[PDB]
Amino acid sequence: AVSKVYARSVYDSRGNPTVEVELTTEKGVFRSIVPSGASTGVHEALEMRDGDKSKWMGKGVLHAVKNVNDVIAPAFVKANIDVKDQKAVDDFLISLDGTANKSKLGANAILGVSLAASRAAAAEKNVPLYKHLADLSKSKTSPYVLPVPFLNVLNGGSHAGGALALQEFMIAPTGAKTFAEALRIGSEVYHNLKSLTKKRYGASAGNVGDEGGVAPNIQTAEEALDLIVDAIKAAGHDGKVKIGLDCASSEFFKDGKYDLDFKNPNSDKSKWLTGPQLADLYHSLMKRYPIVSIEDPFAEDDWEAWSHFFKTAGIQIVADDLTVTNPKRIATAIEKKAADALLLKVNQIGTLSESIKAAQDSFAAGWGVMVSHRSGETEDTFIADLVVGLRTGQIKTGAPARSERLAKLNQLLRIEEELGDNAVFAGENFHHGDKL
């Protein structure tokens, strides 16, 4: 039934080129757009780029697109595979590549064929994308779990210009009773946060980073958190709102040491914190603010710091760069007892099937799953359907600003409204939304 597969270059939300995949069947054209990260883990599957310095400063994707059109397509189409059989779909792409890392076709050629096939299959079956995804991953669907949105309000690190080391600062409305309410609450806080920011930091401070958070030239985490809690308080939602962090530590890991005083190609062989040192600081913030989740408190391969901290934290601990949505890296973390939550990113692994298995291996181990965008997003809303399909009860898809973020949030409002009484907001149970 798949009668053609085709790629083209489109733009991500930064302006860089990205791959879009269109798959045609008797029921129509299904389109998928691949995201792109800034803060990418060493162990991510390969994103292929042209490297032609004239064009796009070397960032074009014309090779990945060619791979789609010249390599996968002809062969995908001749295998006449059932799109409803996601496994067989992916097994097929995976062996065309024939590498551990998708370094021969590029994760960015494969994913879009993966993802567009799930769309084409939902269509054959006359069901909503999230219903099919539930099928595939074998999730419970009575009721369906509406996720708590982890909205990135204050952007730091690699996501924005200025001093701030911690990359993301999030607010989580776990006290809302519905998704429409959690979004209403979250945007109210955000408009207050913005207003406070310009009052205190000047107009400029008010502009946004890549994920739609404001980016003041703040030096410490405490300053950032104080501001945010003034904003929650100001919006009148004290108590209904919690905090989550993404330290993106890996980006500032140097020897068994951690550099907070940076993005600053000279200051100081002594801001530099050791792991216990850093654990310690986390435990400070923790006693002071309503933090309920910390993601990547330690670098990608500093296994020992993770375990050490994990013993005392008593809050959700998300693995992003540590695990890169890879079942093999996930097994080690479960074993080293490093984390308790997986940051799910379909483009870190490269296929839907490998991304579902990662989620099933985490849930199996007693872990949460937070589906996340990439910092370089698109108009594509796949992940909105995926988080509901997977029953995770938690998503990270940006600030309530910039439509590559609101496109997912707007998709969640419609799904909510659709499921009516057969849905539940994760709320304070976000950590284990699968087990609701």
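Quick note: we count residues from 1 along the sequence shown, nothing fancier.
Remark: stretch with higher mean C-alpha B factor among 299 to 307 and 344 to 352 is 299 to 307. For the pair 419 to 427 and 16 to 24, the mean B factor over Cα atoms is greater in 419 to 427. Reading the B-factor column for the CA atoms of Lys140, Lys131, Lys242, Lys233 in the entry, the top value corresponds to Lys140. Among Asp210, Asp246, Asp85, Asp259, the highest C-alpha B-factor in the deposited entry belongs to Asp259.
Placement of the Cα temperature factor of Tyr144 within the chain: middle third of the modelled residues, per the deposited record. Residue-level temperature factors show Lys357 in the middle third of its chain, judged at the C-alpha atom. Ranked by C-alpha B-factor against the other modelled residues of its chain, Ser293 falls in the lowest third. Split the chain's modelled residues into thirds by C-alpha temperature factor. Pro276 is in the highest one. Per-chain ranking of the deposited C-alpha B factor places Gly112 in the lowest third.
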